[PDB]
């Protein structure tokens, strides 16, 4: 008998698997209160924080031998090494000034944490770049590179934030330029920039606090606490304040509260807080100035700033009588100071005419002062006052008054130079005192165009009733101011 055949030798197969992991990263951008500000808006000088985060390292990994984060930072973002180090325990921090790049390397300690249990996934830790944004109208973008064991590398998402002062901002549709405005207006609201302004007239300066670009701002509380001020550096050599007439309204036409007003003879007279604010804003007023202050920065911010609601300040200022004696120009300029950041308004210039009445003999001829063309305010008073000896000279009761320039009325009527104007005047005579006042009727003076020059002269008929010398004094009053001689 033959033997059975042995069982066939069988074959088996086996194989191993390969597997690998690419942990994700995420760069976050936050304000100084750790509020997410990606694609929003924060004030110039805001602390901006960059958190360079990494997803969990996987179970079954090899030991991690290096864990490195490299962050090329944005231009205008000022790196803070000490705050960054303080915010980034577990990392060694280094910085390249040439390329504005910060590098974080996990310390041996941090790696030991990552390496403690290779059989389970482990959460990473993250560094935080701390710095400040230094420019108006700027967009600060940022991402970073993670490299693990010099064998795995990945670049993060790009985060950003923008500062106010940039038009066509796709993240912030209300963003535009920060441009405080100053305009000079008369009592009827006509713009009088560049015009002649008579001594005793009021400049109803109008100041715009330009807040619209700040709408939906996401600045931190420390930044907001730097407050909100408005400065009018007024020409104190020419003007006196009528601070009692100040009015502050918002862009919806509502009265503003919580804004106080003060004025100071100079910086040195001002409190320390104001000197500090002005210093930090780079503003040095010349001599005297007026300052408007948000009493409660938080409330002001919530009410007008984050809402983008402009304010309008009316600050009336009167031309001193002395300016009518000297003549001269004066300039006004304002500043808004938001979150400690100053911005200068345009400058507004006006000039004051030197009014020069003259006395002549032909009849005393009292030549009135000239109101130049292109002046800013209605004429309401134009008087001739003559104090005569009466010893002396005897008033007959006859006087006449004439136009000395072509006078244009509000309806385009012209009174030609030389035209008698006596009918538009009255006269008060004190023969015992030896004084006479010739007054133009107010309604007539107010009918004169503010574009028009104005001038008149009086002839006062005198019979001499004595011998010797009789000093004669003639004073011309124009609106609120007297002018001698």
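Residue numbers count along the first chain shown, from 1.
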item	value
Length class of the unmodelled deposited segment, which would lie between residue 362 and residue 363	10 or more
Entry-level comparison of average CA B-factors, 46-54 and 447-455, reporting the higher stretch	447-455
Per the entry, higher mean C-alpha B factor between 93-101 and 291-299	93-101
Criterion, highest CA B-factor; candidates, 348, 413, 130, 318	413
Largest Cα B-factor, entry values, listed residues 30, 27, 441, 39	441
B-factor third for the C-alpha atom of residue 280 within its chain	middle
Cα B factor band for residue 115 (lowest, middle or highest third within the chain)	highest
Residue 187 - Cα temperature factor, lowest/middle/highest third of chain	middle
Ranked C-alpha temperature factor of residue 387 among modelled chain residues, by third	highest
Third of chain Cα B-factors occupied by residue 109	highest
